[PDB]
Structures are given as structure tokens and as C-alpha cells.
């Protein structure tokens, strides 16, 4: 009943992550046990681990805790009352979201409501890299009601959510403006960005010629606040980081502009859709580095720089 898993005993720097022997998750009669093949990293992982996030509030008196929500793998055990999944099925989805992060591990417990069948053409690494980043990109674009003709500014275009959002926005027929390092300019142009603003070189507002219909703000804080000034009268900002969502919405209200937060929800139909695109080479998931669980500290140090292009992923098997 043992497995290897990454845990942390205290909130702190990346060094607090440990590869630990731990029991296999318990599963209820309506849940399943999954042998994990792949699990991707998201910033929420390091914000929880350093204790800054809202999820850290709930785990405060409940450590040690695992980490990770995105996973890919094989169904090994099934509860008595699970009807539509079979043992041996290859699956992809989210586990333990939000209060029981657990995917940096060899086995996870999951509900059939938070997984789908992995398409055959998808690799396990691709399948584990998609759920959080992809569902967020899509639901942000939908919250902004992006249509063909619209101008869309996507901050942090080279990252996990961004690089997908750019591709999805291009496929919607929108003019895509984005912010990134000079180093990522060529990468983002190739994915469909019309303009890549080097945000180190000048105020990004100065680089934007005309009022924008939507801002997909993936940085938040003062960048999100600043983005309000480039919106059209009818434009809206979707500020995705949760910690400054309220602040950004308030300043938008004061500027008489529409603003939204975003809380990623699991959607079977959307993830089916995103996965199909990836299998048909119509949407690229950029996996910039593949780690073993043994390298979790290193992985988290890289992720916390805030300069990861695309996705980092653990190959568990």
C-alpha cells in the first residue's frame, strides 16, 4: 500500500519539498485509484508551498501536504459505484482540486467527474500538461466573449496559460497583442501573435496603438491595473491571478470599465475539445522541460522565476 510522493512539512522555499514514502490514497465507492504516468506543474503549486496562496490557508493546520492538480495515467482500482470508467482506461484530468493537492505522486484518487479518457494520439506528458493551463486559457477567452475582429491583449503570452490562449485567440479570429521578453518574441509570433511588446523596454501601454476589446491579464497586480487604461468603452479585463482579482475589478469599476476574475472549473466537454485539437496538431502544448519527481526542488525553483516558457512536467512513468 506504499508509494513515492512529493510532500512538504512546512511553508517555505523550494528546499522544503521532499520525496517521501507514503500510503496510497483512499478512494470512496464513487471514486477511483489512478497509476500516474505524468503530472504537470502550475504556479498555484509554489504559491501553496510558500504559504502565500488561499489554499495554504486551509492546509495551514493539515501538513504535511502533497502538491499538484494536473495528471495523466491509468485506472487501477475502481469504487463499487463507478459506472462509466473501466480498469485499464487511460485518463487525464484534475485530482484533489483545490483543498487536497496530490499529483506529484505515483498514485492519485479521482472522481469520474474530474477526468476524461485520454485520446490515443495524445502522449501522457501532453495529457497531464493540458488540463489547468488549457481550461484556464479557454474559459478566460470565453469570459471576455472574444469574437472575430476583436483586439485582444494577453499578458505573459509565453507561459503556461498564455501560449495556449494566444493560439486559441488566433483560432477565434482575433488580433492578438501580447507581452513577453525579446527572447520569446519569435516564439509568440509563430503561435499567432500579431504584436509582441517587450515589456522591459517601455510601458506596454505606449506600445499599444489603439483601444483593446479584451485584456487577458495573467500577471495581475499593477500590470492588471495598468491594463485598464487600454480598454475600449465596451472592453473588459479578465484578471486571472486570484489574489489581486478583487483589487483589479475595483479599479476597473472606478474607471467605469467591465472587469472579471476567473476561477478555473473542470469541464468535460471543453477538455475533450482541447485534447482533440492537440491530437490533430491544431493546438501545440509547449513542454519546455521534463522532470523526475526526484528533481522537484529544482523544478519549483525554475517555475518560481516566473519565466517558464510553456509547461514544466513530471514524468512519473
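Positions refer to the first chain, counted from 1.
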Looking only at C-alpha temperature factors in the entry, 143-151 or 174-182, the higher average sits in 143-151
Mean Cα B-factor check, 79-87 vs 132-140, entry values; winner is 79-87
Highest CA B factor of 219, 161, 206, 102, as deposited, is found at 206
Among 27, 291, 260, 46, highest Cα B-factor in the entry goes to 27
Tertile call for residue 32 (CA temperature factor, within chain, third-based) is the highest
Assert third(CA B-factor, residue 295) within chain per record equals middle
For residue 65, the third of its chain by CA B-factor is the middle
Entry-reported C-alpha B-factor of residue 234 relative to its chain, by third, is highest
Of the three thirds of Cα B-factor ranks in this chain, residue 315 occupies the middle
